[PDB]
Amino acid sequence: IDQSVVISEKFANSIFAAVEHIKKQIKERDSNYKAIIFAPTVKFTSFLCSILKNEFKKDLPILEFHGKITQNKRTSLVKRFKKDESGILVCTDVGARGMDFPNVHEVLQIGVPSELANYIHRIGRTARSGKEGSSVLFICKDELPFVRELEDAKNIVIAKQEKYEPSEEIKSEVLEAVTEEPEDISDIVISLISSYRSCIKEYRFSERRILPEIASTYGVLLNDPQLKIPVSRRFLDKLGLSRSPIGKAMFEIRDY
């Protein structure tokens, strides 16, 4: 397994990095690309499918797959993806139940996994039964402590590292194809905020840095970097970031 890790300045930029990477692979392989792309939350998984569809609906079949997909539909698109020699399966850390897919070229990871163990489980889906394979972990600056934890804990090193700053061209291409409304982007980012908040201690993250960055994804996606997430003073209490400067950095109070 040829493991690599693409670091970006902002969490959001991991999205672009991934889209670009996919475009390159499709061009080189003439649309003979079959990859699994993992995501931290269900809402963010669906969000990724939209983008990937708007980008590569024509070239590849984009498959959404997570816990909140009904069992019938889950059984059918596992069978389908087993058959497909081309397509991208976007999913969360779903159970291995019957997740043995042949001829998978790459496993992509946008953002760290919920728990340290899953990193191993994810890359297992490629380079099996003799075939070659690659893994690409797209993270941001503030997620880095995860890689260190992979070594100290599970004793795994990622040989190839690389920085990434997105072109103004790619940012516009992606964001333009985003049809979701602000209320949906908020739901999406909040699910990320909660996910990342849950794995701070485990990955020795810096709360004061990581949360604001994740939240900033809201503005970045709505093409207004300095626009913060609108919430009620009550909702903020419900998150427990009410009297916190981190909260003032992440959110815009609107209780009037």
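Residues carry their position along the shown sequence, with the first being 1.
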### Query
Which has higher Cα B-factors on average according to the PDB entry: 25-33 or 61-69?
25-33
### Message
Averaging CA B factors per stretch from the PDB record, which one is higher: 193-201 or 222-230?
### Response
222-230
### Query
Out of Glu176, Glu143, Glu149, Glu162, which residue has the highest Cα temperature factor in the PDB record?
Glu176
### Task
Have a look at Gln109, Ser167, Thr92, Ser186 and flag the one whose Cα has the highest B-factor in the entry.
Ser167
### Ranked C-alpha temperature factor of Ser8 among modelled chain residues, by third
lowest
### CA B-factor ranking of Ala96, expressed as a third of its chain
middle
### Query
Hey, what third does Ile1 fall into on Cα B-factor, ranked over its chain?
highest
### Message
Ranking every modelled residue in this chain by its Cα temperature factor as given in the entry, which third contains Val136?
### Response
middle
